[PDB]
Every structure is written in C-alpha cells, then in structure tokens.
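A short write-up of the structure that comes next.
All Cβ positions, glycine included, derive from the backbone under ideal geometry; neighbour counts span all protein chains shown. What follows draws every value from the coordinates through simple rules; no lab data is involved.
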Number of protein chains: 2
Amino acid sequence: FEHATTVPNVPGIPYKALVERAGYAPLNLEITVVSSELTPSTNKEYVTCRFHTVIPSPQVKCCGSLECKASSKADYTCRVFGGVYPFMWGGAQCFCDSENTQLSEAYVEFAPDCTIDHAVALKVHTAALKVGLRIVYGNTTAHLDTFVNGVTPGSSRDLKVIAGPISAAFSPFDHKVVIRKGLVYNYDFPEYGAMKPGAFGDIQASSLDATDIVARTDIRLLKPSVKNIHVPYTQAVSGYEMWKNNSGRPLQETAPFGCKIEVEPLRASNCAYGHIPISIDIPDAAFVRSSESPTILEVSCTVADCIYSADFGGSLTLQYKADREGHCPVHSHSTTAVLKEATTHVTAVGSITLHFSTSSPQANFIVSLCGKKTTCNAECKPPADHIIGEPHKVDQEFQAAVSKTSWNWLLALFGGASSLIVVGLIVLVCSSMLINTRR
Amino acid sequence: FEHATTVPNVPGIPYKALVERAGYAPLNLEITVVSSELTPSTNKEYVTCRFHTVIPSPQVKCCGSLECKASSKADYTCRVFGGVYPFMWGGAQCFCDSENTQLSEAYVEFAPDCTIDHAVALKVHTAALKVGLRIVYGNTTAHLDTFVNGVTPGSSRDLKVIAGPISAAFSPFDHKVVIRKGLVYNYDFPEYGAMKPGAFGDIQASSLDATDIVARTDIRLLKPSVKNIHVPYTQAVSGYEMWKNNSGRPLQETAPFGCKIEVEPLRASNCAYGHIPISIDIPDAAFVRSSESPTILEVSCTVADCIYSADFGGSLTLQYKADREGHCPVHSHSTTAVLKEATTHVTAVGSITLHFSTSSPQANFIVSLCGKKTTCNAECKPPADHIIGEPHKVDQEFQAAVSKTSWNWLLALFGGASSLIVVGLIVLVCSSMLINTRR
C-alpha cells in the first residue's frame, strides 16, 4: 500500500499522518527527520599558505661573468651584477677588484608549518541532500538513510521508501569556496594560474608536498650596496596573511536556515527548508481489517481553553461510544493543527482528554478517531509569552489565520457596499422602467 | 608598446601582423598556436565493473532454527529455508531430518580482473582553456604557455602576453562522463546510491579497494530442491556488461570541432573554435627607428595569376624605388588576403616577387612594404582542384565574395527600378503642378 506525503524538512519536529485503506482499520504514521546533510560536488583546485622565501647562496665569478639560467621552480628569480668585492670574515673574498660579477638567486616554497596552517580553494556545484528518517507505523519503528531525489530508494526489511525531489533547491555555498582549519569562507579567489601578487592565492599547488608549485610573489632584487656579502631584495607582503587578517566571518556564522556547516566532507547538516515528498509502501502485515479494531458508534468534541502557539497549549475532550476495548488512533486532518497523541486506548463508552497545538485564532479543525470525524470548533486566545525556545510546529496560513469575529466584521463592512450598489442598480432599473411606461 | 589582436583559434595556422609604431619602423609579428588543451574539472563519483557474485558456504542447523542477521556487504541477501536434509558423500549431514533449517547467503564484490577493466563515472564542470603560443617578432622568437581567461599572463623574459577570453565558449563533454580504458563516453549515469539492476553502475564504490561497496543487482535466493547440498539463486545480468555491449562510439570519434580527447587528466587537445583576443607588450628594445631601416619612395603592384584556393594560389610582383639596401617587412592589410612571406631583402631599385592566398573571387587588397601601402586589384578564377588536405587560411567575409560583374549586373537591375520609380514620382508631381496651375 503506497502512501504519498509531503513531510516538511524540519529536523526534530515529527510529522503525523493517518493511512486509511478502505477495507482495513486506519493506521498511524509518524515520520521524523532525525538528521539531514546536504553535501555539494567538490573538487580541489589548489591549496595555498604563507610562502617561505628561500634564497639560495649567492655565487660569484671572481674574474669573469656569469649568465642567469631558467628553471621551473616556483617564482624563479635570478639577476646578475658587476663588481662587488665581497668580504666574508678575513678582509677579502676576491681579487680582480673590477670584473667581479655576482649572481643573486631567490624563489619561494611552502613554509614548514603550512602542512596544517593552510587554505584549500574549492569550486562547488549542485548539492544533493541525504535524509535520515525515523518512521513509526502501527507498532513498528524503523530507521533509514536515503537520498531525497525521487529515484534513490531506501528499505528496512519490509519498509520501502522513495523520497524526493526536494521542493526548493538551495545551497549555502557560492560557486567558489575556501576552507581553512575547518572554517568555511564564501570567498572568490583567483583561478588556477590567475595569480595576483599581494592577495589570496599568490602561490598555488595541487598538494602540500608537490614540487610543481606555481608562485608569483612580486620579488625584485637590488644591487648589493654594502661591502659585506649579502643579497638585498624586497617582496610583496604575503597575501595569505592579508586574507587571514581580512578574512571576515566564516560561513558557519552566516549560513541561513540554521544549517551547521561541517568539513571533511564539506556539508551542511540540519538545513531546515521546504518540504520533501515521501512515498512509503507500508507492508500488508501491519494493516488489520475493520472488524477487529473497535469501531466507535459516535464521538463528540468539547474544546477547553486554548492558545495558538508553538507548544501544545491547547486541550480538548472526546466523548466516545464504542463496542469493544482497543487502541484506536487519533489524528487531526487540518493543516493548522497537530496532536500530541497518535494512539490512545478506547473503552466501550468514555471520555479521553487530549492535547493539541494550532496556529489560528480560532480552532476549526476536524479530529478523526478510528476514521470517525468530528469538527472541533473553538476560540483560541493569543499566547502570554513573547519568545519560546521551541520551534513552531505548524505553518501560518492566511485563509485560516483570521479571527471569526474579524472575519464577520470584514464581511459585513464589505457586503454593505455590495448590497448598496445592488439596491442602487435596482432603483435605476425601476426608474428606467417607469419612465419607459409613462412616456 | 602594447599591441592587441584577435588571433583565430586554429592550431598550426600562423597569424601575421605588423606592429606599426608612430615614430619607429614597422616590425613583423607572427603568432602560432602550437597547442591548446581544454581541460575540465573532474570529481570521481564512483567506479564500476563486472561484479563477482560470491555465495558464502551455506550453514545448516541440524534440526534447530537459524535466523538471518543484517550485514553491510554489497547487496547482501539472506534467506531461511525449512527441512532440506542435505547430502554430500555419505548422504546424511543432519539428524532429525524434519525441521532442518538451512541458511542461504549471497552478496557481490569486485571481480579480481577489475583492476584494469573498469569504468569511472565523472561529473565535469566549467572547462578552462590553456594555449601554447610561439610568437616571433622581428628576429627573436619565443615559446610560452598561457591560460585563456583575460587575466592570467604569460611571461617570456621580456614578453608579457594577456590571452582571452574565448569569444564563444564550448565544451564537448556533457554534464556526466564515463571513462573506460581511455575511452570517453558522454553518457549520463545514475547518481551515487541510485543503483538500478541490469543498468550501468549497478555496483558502485569510491575505489577498487574501498570496502564501502554498494550494489543493487536484484539477486533472489531460491529454495533448494535436489538432495545434495547447494544454494540456488537468480540475479540480473551485469549492467556494466550491458552498457559495454551498447556503449556506442566513444567521444574520440564524435567530438565536434576536431580535437583529440585525452585522459589522465581528462582534456581535449587541439580544438579549433572561435577567436582568442591576445595583447602583447612588445619590448621597446626590439623596435628600430625608421631612420635606420630603409624607407621606399614609390612602390607599385602588378598582380600575376591569382586563384582563390585554400592554399597560396596567387602571385604578384612589387616594383620598388628605395634609398638603401635593407630587410623590409611586408604585410597584407586585408582580412581576405594572407602572404607566404613576412619580410624580404630590399635593394635601392628593382622589383620582388611575392605569393599570397585569398578566398574571394576578387582581389581588392592593400599590400604594404616598410609601412607604405598599395592597393592590388585582380580577378581570380575558381580553383581547379576540388579537395585539399590543407585548411583554409582565411574566412570568406559577409558579402565580400561577390564579383565585379555580379555587382555591376545587380546594381544595374536595382537602379533601373530605382530610377524608374523616381521618374514616375517626378511625372506625378509634374502633372499635379500642371493641373494646379491650369485649374
């Protein structure tokens, strides 16, 4: 027996329904989204960190001239200079006071601490959502994990669920993302090779230990001007440090819908948004024919004081008459009302006091006990507290979120004009008929 | 000096240009797209192959009763059967022949030969283009590799080149791709977790050695019937084999724009489409002032036989008066005319022969030597040859391929009607004014 529902994607708030096969007693179905993770398609473009400016030892051709070569090292920089006459510790390091050429060499690698203190740049795309569902049917509770796409199934030994597609698509990650020590940033970074010095991504590599590092740190060497041997140079400030200082807030503190961003893999857990359609094929063993579950001759509903709120602040009483003692299920078929209890014991004749929550100023909702209906009508006052630490269990509508007194007043003041214009048109028609007759 | 051109993205076809500085001699430039590599970004969804349906040894409880426990093997299936009374070689493996419960167990794994024969399912994203350029200016040539984005530069020791973006983006790969032994198929595959028996990716895993193998091959155990111990079962055919039989031709033989699809990493090489805007900052040392190179006094063009073929099927002669011997550059300033040679030794008095290719039936193109221009007008015959194994070096322009005779006849036929209607309007006005005067 396939039952199709639209469970709101809100973790921790159970969604209750009643499945009613024609020749069999109704059964209760509680579906709770215990966990839900949305994980995007991810691919590392590169990593980056604070460059270690490695400067090889200078070489001097004492009475000749060197030529600077080329290499594939990250940001290879090399320059040649004329007479230097270097000193080391004695008071001389080359004769030929003229024609004393010198070579200055420099480049950049990853610093030793970059193995952990590094950023990883990523490009993301459409994200599929995976939902963990606890489903209770009749007297059997099952746990499942499934992909919400409408094709990917899940099964628990007799249970058979197909979930999806998600009603509304949403990913808290922009097309380009950065990850640093678990902190996720929605940053736009330079593309692979589109490296700008002095900014994030001044150096890039596909791995920490990779030797094909590409670096561009804007390094310019200077002519040595001091007697002692040394290689002067200036260089753009580490763009990684600049981005670290101006990193802003991570996406953990900015993702909407209260989705907890976690890493390894990058994902958003408990992202409450929209609704998911779920089709469940309940096993035939659970259902029982109507001749066994005690049908109730009649039911009457009396609603006590109620306040429309998030908590189960409303109450009612059902006076029932039945033919046998059983375990009847109770449901609310209205969209703006939910019940704390889904299965209650029933006697031959008696009363059951039950609790419920709503969101409308007036409760005009149909309760159902073992399939028998009763339209509970009441009038709920606004709540006392302003702020609750519990989420709302029912959405706020328009066709029902207007008080009956206000509805009556609005209808009266809007129908007064309609009656007036009808009377005016009647008077005009009567005047026309009179003038036609008496012409 | 920064000079900007729009080089056609056609590897192997040189593009000739002339940098014409205001106060310096013009200098020749030739740009050749030696190689191009359109490489997308890939993420391994999973790997699939021919599954080996391993059936563990059945276990029989003598005449007790077993129970099927849940496991995590790929498409794990377990069943319990009643009285069996198995036979091996003495024909009695169990006492108390009735109520002789047997357990049947089966699951799937990767076949031993899957380490080579296996299909990797990939999702491809926006693809970046990288081009290798050989640029020769004047006498000096250079090789470089650049990313076509309009931001990433190429640097060759004096040369600063900015390439891109592509005029019209193109990626031969669809959203989803499958790679098998180097063969690429743009075949969409079921997402992770969405196994379908008898179809591609019925068995999935993150790696060949990964233990989290997930499969849905629709395997069902059957009750044993023969006396001898054996577990029967039925199972859908390997969907990997079905896809292999119905794989279709690979993307290597159907990728448009004629490029080689390569793997490790996935990419498309030498794919001709669109144009690349390239800006080259030519070093100022290359140029030489016009007072050094000889400037000719008068140059005239006598066009020899010309054929608008796909090759250099045209010749001409330039007679020149000059002041000194030199190495003058030569260029064609029309978009439907290219020249075999870009420079030539020039004497004081004489003439030089030159070769050229065009595509219009007419030649109306401006040649230029050491800067100064000269129009060449000619009529070219259709090519005698029907087919060549050489690409067209230029593109026929919009309505520039219309011959002089065609132009004359069409203009005469339209101007006849135009002059006729003008004459008719003039006659109508004349008659109207004549009547008004004589009214």
Q) Debye sum, Cα scatterers, region A:173-249, no solvent: what log₁₀ I/I(0) at q = 0.22 1/Å? A) -1.09
Q: Just the Kirkwood number for chain A, please: inverse of mean 1/r across all distinct Cα pairs, in Å, one decimal.
A: 29.2 Å
Q. Where in region A:267-298 does the label zone of A:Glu341 land, with the point 7 angstrom along Cα→C-beta and an amide N cut-off under 16 Å?
A. A:294, A:296
Q. Whose amide H sits under 5 Å from the amide H of A:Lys176, counting only residues 5 or more places off or on another chain, with H placed in the peptide plane?
A. A:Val124
Q. For the residues B:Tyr15, A:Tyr46, what sequence is obtained by ranking on other C-beta atoms within 10 Å, fewest first?
A. B:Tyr15, A:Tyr46
Q.
I need the inter-copy label distances for A:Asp145: point set 7 Å along Cα to C-beta, values in nm with one decimal, smallest first.
A. 4.1
Q: Distance between Cα centroids, region A:114-166 to region A:311-386: provide it in whole Å.
A: 33 Å
Q) Angle, helix A:404-437 long axis vs. longest principal axis of chain A, Cα atoms, 0 to 90°, nearest 10? A) 70 degrees
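How much of the pair distance distribution for region A:210-268 lies past 20 Å, counting alpha-carbon pairs only, in percent? Don't skip to the end; give the middle numbers.
Working: 1055 of 1711 pairs.
Above the 20 Å cut-off, region A:210-268 has 62 percent of its Cα pairs.
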Q. Just from its helices, what would the mean residue ellipticity at 222 nm be for chain B, if runs of 4 or more DSSP H residues each count -39500 (n - 2.57) and the sum is divided by every residue, rounded to the nearest 500 deg cm²/dmol?
A. -3000 deg cm²/dmol
Q: Classify region B:249-316 as rounded, prolate or oblate, taking a ≥ b ≥ c as the square roots of the eigenvalues of its Cα gyration tensor: rounded when a/c is under 1.5, otherwise prolate if a/b is larger than b/c and oblate if not.
A: oblate
Q. Taking the axis about which chain A rotates onto chain B, which residue of A lies nearest it as judged by Cβ position, and how many whole Å separate them?
A. A:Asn43, 2
(Q) If I model a spin label as a point 7 Å beyond the Cα along the Cα-Cβ vector, how far apart are those points for B:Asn436 and B:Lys260 in nm? (A) 8.0 nm
Q.
For a quick check: sort A:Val151, A:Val346, B:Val299 by the number of other beta carbons within 10 angstrom, fewest at the front.
A. A:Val151, B:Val299, A:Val346
Q) Magnitude of the Cβ-charge dipole of region A:50-124, K/R +1 and D/E -1, about the Cα centre, nearest 20 debye? A) 200 debye
**Q.** GluC sites (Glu not before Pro) lying in DSSP loop within region B:66-172, provided at most 10 other Cβ fall within 10 Å
**A.** B:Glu67
Q: Using just the alpha carbons, could you tell me how many Å³ per residue the convex hull of the protein assembly as shown encloses?
A: 426 Å³
Q. Where in region A:290-326 is the amide nitrogen less than 17 Å from a point lying 7 Å along the Cα-to-Cβ axis of A:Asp385?
A. A:306-315
Q: Can you list the distances in nanometres, one decimal and ascending, from the A:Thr405 label point to the identical position in each other copy, with the point 7 Å along Cα to Cβ?
A: 9.9
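Kirkwood hydrodynamic radius of region A:124-263 from all distinct Cα pairs, in Å?
About 20.0 Å, per the Kirkwood formula over Cα pairs.
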Q: Within region B:1-64, list the trypsin sites (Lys or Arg not before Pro) lying in a DSSP loop whose Cβ has at most 15 other Cβ atoms in a 10 Å radius.
A: B:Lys61
Q: Calculate, in whole percent, how much of the Cα-Cα pair population of region A:67-185 lies beyond 18 Å.
A: 76 percent
Q) Once phi is turned into θ = phi - 60°, what whole-Hz ³J(HN,Hα) does the Karplus curve with 6.51, -1.76 and 1.60 give for every residue of region B:122-132, x standing for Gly and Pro? A) 10, 10, 9, 10, 3, 9, 9, 9, 10, 10, x
Q.
Neighbour counts of other C-beta atoms within 10 Å: give me A:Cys306, A:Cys430 arranged from fewest to most.
A. A:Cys430, A:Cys306
Q | region B:70-133: equivalent-ellipsoid semi-axes (sqrt of 5 x gyration tensor eigenvalues, Cα, Å) | A | 54, 15, 6
Q) In nm², what is the average projected area of the convex hull enclosing the Cα atoms of region B:113-168? A) 7.1 nm²
(Q) Under 5 Å between amide hydrogens, which residues at least 5 positions from B:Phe365 or on another chain qualify, with H placed 1.01 Å from N in the peptide plane? (A) B:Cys376
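In percent, how large is the relative contact order of region B:101-213, given Cα pairs closer than 8 Å and 6 or more residues apart? Write down the numbers at each step before the final one.
Numbers: 146 pairs, mean separation 23.5, N = 113.
Rounded, it is 21 percent for region B:101-213.
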Q: Compute the label-point distances linking B:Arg439 to its equivalents in the other copies; points lie 7 Å from Cα along Cα→Cβ; give nm, one decimal, shortest first.
A: 4.7
